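One chain is shown next in structure tokens, namely the form deposited in one PDB entry.
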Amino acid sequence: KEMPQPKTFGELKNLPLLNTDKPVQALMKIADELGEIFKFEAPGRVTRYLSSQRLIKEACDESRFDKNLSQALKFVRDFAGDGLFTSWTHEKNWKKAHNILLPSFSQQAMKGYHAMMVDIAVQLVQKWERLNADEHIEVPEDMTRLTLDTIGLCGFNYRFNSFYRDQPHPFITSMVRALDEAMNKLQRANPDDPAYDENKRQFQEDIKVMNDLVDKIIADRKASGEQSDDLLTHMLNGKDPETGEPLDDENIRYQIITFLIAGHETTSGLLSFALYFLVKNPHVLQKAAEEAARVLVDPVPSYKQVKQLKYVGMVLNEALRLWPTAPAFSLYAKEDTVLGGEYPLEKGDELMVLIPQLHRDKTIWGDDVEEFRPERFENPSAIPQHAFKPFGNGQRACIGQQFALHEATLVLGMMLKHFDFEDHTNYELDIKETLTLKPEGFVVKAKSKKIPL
């Protein structure tokens, strides 16, 4: 079979389709028209977007296909370098950093991060308890305050103090603005064109700002010698079992920047979409709220109580199904291969998994694919392989998966314990696209159940 292509614009091929501020959603719409695979060409590039479990399950075969750095990720690499996220599997720092960090990110390691997560989560509850009767909550803004603070604290024992601020830490304004530049470059048919000279100068200032503060953090920590139970000590002491070598100071910088990207962008989105789904599905919110009141019997949640929030966990899963906050990943073909019996690929050939489209595959999920029903996760083993991929695939999957689900489960649990929620504006979903997806302008009112901490 020849695969379909969306509409073209002469010599620019498909590229002007990305000239939008919601490219993932535009790509989702192309998928609905064209189906499970389409070719997408730009000057000097060709990719193929997959939306079906049928084909993505083969693309997740690690013997045929490896992680590719998409143009987006190549642009993030300018400041995230060879941290785990923007490195190639065959880079020495990939495997090395991977071997050292895996035990820091285990489900086991969560027990030790738990108390710092609680620290930030209670800040959130206390903010909301202290709001006046007239006031509402700006949802993604508060969730981002939470998740950023949480990774700051468990990452290297730094307090961004986001709940004490109206405007973001100097580091974040740079970080956010750099991610911004990295994504906007995607669209420019002619960079090096002078109209972008300010953008480039800015970027360099931003990279600089991020580097200085992180390098200073690593410096101050070594010079102090203290052994806090955070990722930075794990990295400063750790040795790769394989090579026997530790990470160098520069790579450690890259890891910290990477985790700060993750903690800002992705986990906050999950929590935002979850609360959105809950207020638009009152019977579901009530069921989650009943679980929370039953399980969270203590002034503050234990590690083990969080593991008991099963329905909360299903809610997070279903939010991730409909709106995977990291919406795509890239692969290349290790060798010449035939995809799904029909599409012959050459070595080096690129693929893109369109996760939200995958999660809409009616052959997997049934006809009610658009409905918010967390119960569809009620027995996971009934799910076909590679159907649900909000965390990526294989060895290059998200290392912070367990971190993110524990944080989210804790925070949502507490939220459902402490407040009733009201969709007071009848919010119409508007999805903002950065490196990630967020519900822009989502606001609610909370009303305290007056349960003390």
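Between two forms, the rigid core is the largest collection of C-alphas that superpose within 1.5 Å. We number the residues from 1 along the sequence you see.
FYI, the form deposited in another entry isn't displayed, but the following is about it.
After the core is superposed, which of these residues, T363, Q108, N161, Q126, moves its CA 2 Å or more between this form and the one not shown?
Just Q108.
Does the distance between the two CA positions of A72 reach 2 Å or more between this form and the one not shown, the core being superposed?
Comparing forms between this form and the one not shown, the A72 CA shifts below 2 Å.
Can we say the CA of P170 moves by at least 2 Å between this form and the one not shown when the core is superposed?
It does, since the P170 C-alpha is displaced 2 Å or more between this form and the one not shown after the core fit.
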